[PDB]
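S.K.: Pasting an experimental structure with its sequence.
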Amino acid sequence: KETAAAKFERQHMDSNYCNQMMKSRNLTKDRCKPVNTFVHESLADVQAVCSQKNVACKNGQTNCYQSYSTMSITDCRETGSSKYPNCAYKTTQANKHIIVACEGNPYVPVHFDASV
């Protein structure tokens with residue numbers, strides 16, 4: 001079974017596109033997930049964000065970290081028309097700073113908090 005670090009990688013790393021990848025990574029085989037972000041950078045460069053700028057997470061906890069640089073990301077958002085089984089997504093490509101929450105030893109991303 002899947003750890004939180006492994007779930008982060010399957011759902012968000014990728015070292016229309018959203019419809020295809022949401023299905024392949026098992027996000028939409030059994031439900032339609034409203035939003036998801038994929039990061040087009042190497043896994044080790046995203047893991048490196050856990051020792052970069054420490055910030056508060058949306059929830060007020062402090063194990064969040066903001067990347068110094070922008071990274072290539074694709075945002076996938078369900079259309080207002082989407083309904084399981086027919087999930088449908090609008091694909092937006094952008095270069096943004098990511099914010100991830102980190103836990104464990106090794107201290108690795110376990111949640112994608114935001115892009116800015």
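M.R.: Done, it's in. Numbers count the residues shown, from 1 in each chain.

S.K.: now the helices for the chain?
M.R.: Remark: helices assigned in the chain by DSSP state H are 4-12, 17-24, 43-47.

S.K.: residues making contact with the first one?
M.R.: Contacts with helix 4-12, where a contact means C-beta atoms under 8 Å, 6 or more residues apart in numbering, come from 2, 25-27, 36-39, 43, 100, 103-104, 108-112. C-beta here means a position set from N, CA and C on the backbone, and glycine is covered the same way.

S.K.: Is it possible to get TSV of the helices of the chain that adds distance to residue 65?
M.R.: Shown next, in TSV, are the helices of the chain (distance: least, C-beta to C-beta, whole Å):
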stretch	distance to residue 65
helix 4-12	13
helix 17-24	25
helix 43-47	11
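
S.K.: what's the closest of these to residue 58?
M.R.: Distance to residue 58, taken as C-beta to C-beta, is lowest for helix 4-12 among the helices of the chain, at 16.4 Å.

S.K.: Out of the helices of the chain, flag the one nearest residue 63.
M.R.: That would be helix 4-12 among the helices of the chain, by C-beta to C-beta, at 12.4 Å.

S.K.: ok now the closest one, how far from the chain's centre?
M.R.: Relative to its parent chain, helix 4-12 has a centroid offset of 8 Å by C-alpha atoms, centre = their mean, to the nearest Å.

S.K.: do the same with stretch 46-61
M.R.: 14 Å.

S.K.: Kindly report the same for stretch 46-66.
M.R.: Stretch 46-66 sits 14 Å away from the centroid of its parent chain (C-alpha atoms, centre = their mean).

S.K.: buried set for it?
M.R.: For stretch 46-66, the neighbour count (16 or more other C-beta atoms under 10 Å) marks 46-47, 49-50, 52, 57, 63-66 as buried.

S.K.: Residues touching it, excluding its own?
M.R.: 13, 39, 67-68, 71, 97-103, 106-109, 113-114, 116.

S.K.: now these: which count as buried?
M.R.: For the contacts of stretch 46-66, buried by 16+ other C-beta under 10 Å: 13, 39, 67, 71, 97-102, 108-109, 113.

S.K.: Mind checking which of the residues you listed are in strands?
M.R.: 39, 71, 98-102, 108-109, 113 (DSSP state E).
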